[PDB]
Amino acid sequence: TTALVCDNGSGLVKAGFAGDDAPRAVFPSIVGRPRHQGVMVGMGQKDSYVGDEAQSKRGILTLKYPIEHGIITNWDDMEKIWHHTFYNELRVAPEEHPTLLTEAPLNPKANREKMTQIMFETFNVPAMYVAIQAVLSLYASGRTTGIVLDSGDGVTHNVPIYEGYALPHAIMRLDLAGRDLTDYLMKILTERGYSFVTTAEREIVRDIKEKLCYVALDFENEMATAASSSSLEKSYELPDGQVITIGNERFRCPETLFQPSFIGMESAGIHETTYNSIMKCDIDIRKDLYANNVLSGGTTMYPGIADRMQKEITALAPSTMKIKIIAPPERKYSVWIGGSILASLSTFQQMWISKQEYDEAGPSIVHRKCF
Amino acid sequence: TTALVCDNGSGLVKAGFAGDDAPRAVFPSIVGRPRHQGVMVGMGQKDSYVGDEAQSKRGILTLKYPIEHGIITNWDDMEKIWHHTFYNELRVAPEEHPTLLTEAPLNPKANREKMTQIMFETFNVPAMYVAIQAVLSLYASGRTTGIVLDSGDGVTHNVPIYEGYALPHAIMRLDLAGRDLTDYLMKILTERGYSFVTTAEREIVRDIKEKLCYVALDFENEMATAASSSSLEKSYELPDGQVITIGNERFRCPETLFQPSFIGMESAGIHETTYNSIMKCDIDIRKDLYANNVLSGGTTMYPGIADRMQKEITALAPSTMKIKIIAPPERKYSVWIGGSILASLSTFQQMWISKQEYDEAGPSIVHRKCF
Amino acid sequence: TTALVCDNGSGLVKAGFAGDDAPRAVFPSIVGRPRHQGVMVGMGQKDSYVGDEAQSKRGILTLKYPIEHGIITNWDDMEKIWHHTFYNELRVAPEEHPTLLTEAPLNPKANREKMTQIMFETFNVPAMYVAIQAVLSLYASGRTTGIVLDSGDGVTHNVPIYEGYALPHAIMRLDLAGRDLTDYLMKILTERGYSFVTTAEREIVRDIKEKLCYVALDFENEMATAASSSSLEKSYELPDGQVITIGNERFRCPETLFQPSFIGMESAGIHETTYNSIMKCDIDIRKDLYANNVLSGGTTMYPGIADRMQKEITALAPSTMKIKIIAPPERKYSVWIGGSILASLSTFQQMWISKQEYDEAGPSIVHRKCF
Amino acid sequence: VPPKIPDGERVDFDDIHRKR
Ligand SMILES: Nc1ncnc2c1ncn2[C@@H]1O[C@H](COP(=O)(O)OP(=O)(O)O)[C@@H](O)[C@H]1O
Ligand SMILES: Nc1ncnc2c1ncn2[C@@H]1O[C@H](COP(=O)(O)OP(=O)(O)O)[C@@H](O)[C@H]1O
Ligand SMILES: Nc1ncnc2c1ncn2[C@@H]1O[C@H](COP(=O)(O)OP(=O)(O)O)[C@@H](O)[C@H]1O
Ligand SMILES: [Mg+2]
Ligand SMILES: [Mg+2]
Ligand SMILES: [Mg+2]
């Protein structure tokens, strides 16, 4: 009997059986309803397109993400996505397989309670367990200490763990992630002539960001160079022709992560939030966290982030301590790989929430010592 | 057939086989339970880290000394420490070896009774004996006369002995010791900005005290010198960088030994209690005690204590008598050396408390002539 | 010539003429700089709004407290605060009045020295005197003895005083105060969905804490009740609407004072540190300190804290002796009342720090007998 | 209570090497 490790996240759903190397099914987490009229009758027209189909027929659909910032805001779309994931992407009945969901830290409790209630009443799974999204990322590296910054697509959270003991009072969460970077890129692309407004084109802007953006090592000199020379201006092809040429917008959109004053947010960049979460920890385990910093999440896949982070942390941290930034090549699937490893352990077999316990205590069972 | 010379102490448990010159294992007497939550599974993390293993994980533990001032306040912790010492640090079964423990003078008798009862009931040792902590140090030096000042870590006592005869009526005990010096150093180090509150940082302050603090020959003169010159400015590297600068605080910590009014004590200093004890004994052996003054305990390893103490005693003593201070370099292990010597003596082979004697008279046999 | 009894504190500056009952000028100590662009011309927009002005325009400012925990971190901002207090809010020249500054106990002496230097160099006050924040609070009560626990907004310090004699060896200081309670309230309010990140919304959180949070008589009973009933949920209105309902967070926020294990601090609660300080005192003055416990400071204004404190102390203390908590209703302004009373005494008129003495001896005269 | 990890034995950091 294998275990199902689903990882909803916010933007990409990754699912696959426990004990594998890569998730078997990965697809964007969007539900797209049509908005036009429709004149041909009997064309097999559906009432809602979910999964990766909705970004293939995205011309006449209005894609609407069901998760804004970690929290789930539209439960009907989430139920649609879970149903499509179980029955059509893996074709496995949910009533004969345990489930391992992942939840961002410092989420509202109602989210977890409703997730448990839906998973136990609608899909009728035998037993499901919810885990913090960064602990599995740390599991993936094979270590037992370190501070992991899982800058996902919806929310960016920085969790330090030492010798398997997490520090709840030093968890730093910031709501700047890939979605706000995409929105800022779409806003600054109007400075050159191209205007994207409808939700269908936000996917195009997202693809442009994924394909062209890069994080500068130093910002001032690069900005000075890009405004004088012409070696950074790169071209891209839109899905109807009409090639565009992006200049200094390549490294200015990802710069927001290290300087959130662009979007008016109050907090500091991710290079200072990590140091602040480190300094909140006790004085004895700062050296080990300095030497064992770990990166994760899709949005940390930008070419040129591991060196900028190293330079900024070296600037902030004391000079004598050695600073190492772990960046595995498989950063995108690190959380799911950790979940697959966790679901295969023998000692984990008694941590699941038995359906009997839910029937006895209700959906609030998740908040108990049974996490 | 070999004898075990154990030294409980308070802070540094030292143990080893009899007849040697160095103890086998010297490790801190600390038992530290975890304090945080703990998220990673399968680490096999124990619920109690003791001894030297616990001083490597101080970040996620609450180190706690089971001995406040000589006496034992948590018998469960002391049982854990004894089990760890006998079974793991020596790899010697306790069932076929005698035991020689040490006790500070003028302590409650219930402590010795409970110690012997636990040693004979749980461990089932063949025979055990409790010896005075200072008489062993005096025996170790190869002499038989004089007054020994044993500035340990929990209790500081003065024991005068003449030609193998002790004087129970002239024993002066004060509870000022290295622990109070560490606390006072921590209290005064906040005047510059460096604040230590966590029980784990106490060990950092203790290491600072061991590596930096020293006894000034003249207190007021040195303090005036430090206010104008800058040769006392000493730098130290914290376990995470951010070096600190200690000025005149380095010789205020051991100045408490001579002026206990710093920590609120109404009693006199160490050089004065010894003088009072010497003047309390017979008038016929005062010169011999002057000629055989020997220091004991690790705390007497401060740089320059034997010179200021000699000067103070010479000033207080009559000008005719000659004052000499015997300061062996290995004063830290002197008690264990004395125990090793005593365990090897053939004349001492019949002073042990046999198992039959305990089964016949109970734990109260300790208070008898057989200590 | 009257004296200005100023009280910088940390978070709430109180000042006024000596001899009155309440300060004439009370305002939060915040220095606020603009962070947005600003396009309109001729509006008279200054570059730094301090005091109560920054509490009206906090939407477009970045408020920054200049006093973290007793210590001063921005000397120019503190200079601006003092300048606003003297020239703008009281309209009195500093050269024609003496001044009484307030300082928390066990603080770095560099802060006090630099405060005196700033006071005598910039404002050129004829004479200034620094007083401990607990002695003044004790004076305001009209008695002469007792143990005062003055938990302000920066530090929680407990000082026992007997017959006008302080005990420097029995002062216990904790860094847990109103600011950390506000941060913990911010961290626990994300469990329902309301997330506050910007430093301006921390003022809303502080207002909620002032208006709704209360200390439970018993933590476990109230926690169990709040999970079943709904009689504790109170509603609050944010400055734009969006009414929010608080359930059991009302008494979880101030419980951190008695259980610092929530925010990860190692030290014990405020109920046990005072008892430990009392036990540090001599055996002949413990009953009187039991009978005259005095509370003050803003953080002790939670409704129902005097009952929990008394119950905890009675549980810890020996049964026979009496424990009486003195909780004056106007305990918020206690330090200012004490300063006003002390500055009006004829005996104190000769204890000022004369300008010529500082001129001929430097700022370091404060640490001397004139302290 | 937080998720109290049940008492097992081991292991980690061999899986990463195996995977690589
Ligand atoms: N190769 C890449 N380069 C830059 N950004 C990327 C890349 N791949 C993904 N991203 C960004 O990361 C997001 C996906 O993050 P992901 O880790 O899937 O989030 P989640 O934690 O919800 O799974 C995408 O929205 C995209 O903006
Ligand atoms: N080299 C040193 N310099 C100064 N102080 C020391 C030194 N070594 C140990 N100490 C102090 O002495 C204590 C150890 O004393 P020790 O003799 O082990 O006590 P016990 O009598 O309990 O064995 C330590 O806590 C430390 O504070
Ligand atoms: N009525 C109240 N109820 C609860 N808490 C309060 C109340 N008034 C003030 N506080 C808390 O006390 C703090 C003010 O403390 P205060 O005594 O002014 O500090 P200081 O010693 O620096 O003057 C505020 O930050 C607030 O958090
Ligand atoms: Mg993720
Ligand atoms: Mg000793
Ligand atoms: Mg105050």
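What you see of chain C is 7-377, where the numbers are those given in Swiss-Prot.
Just so you know, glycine gets a Cβ as well, placed from its N, Cα and C.
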According to Swiss-Prot, which residue among C:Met49, C:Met84, C:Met315 is annotated as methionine (R)-sulfoxide?
-> C:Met49
Among C:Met46, C:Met307, C:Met357, which is annotated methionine (R)-sulfoxide in Swiss-Prot?
-> C:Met46
Other than its own, how many Cβ atoms are within 10 Å of the Cβ belonging to C:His75 (tele-methylhistidine)?
-> 19
Take the Cβ of C:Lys86 (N6-methyllysine) and count every other Cβ within 10 Å, whichever protein chain it belongs to.
-> 16
Pop the Cα-Cα gap between C:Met49 (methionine (R)-sulfoxide) and C:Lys86 (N6-methyllysine) into the table, whole Å please.
-> 22
Cβ density check for C:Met49 (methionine (R)-sulfoxide), other Cβ within 10 Å (all protein chains) comes to 8
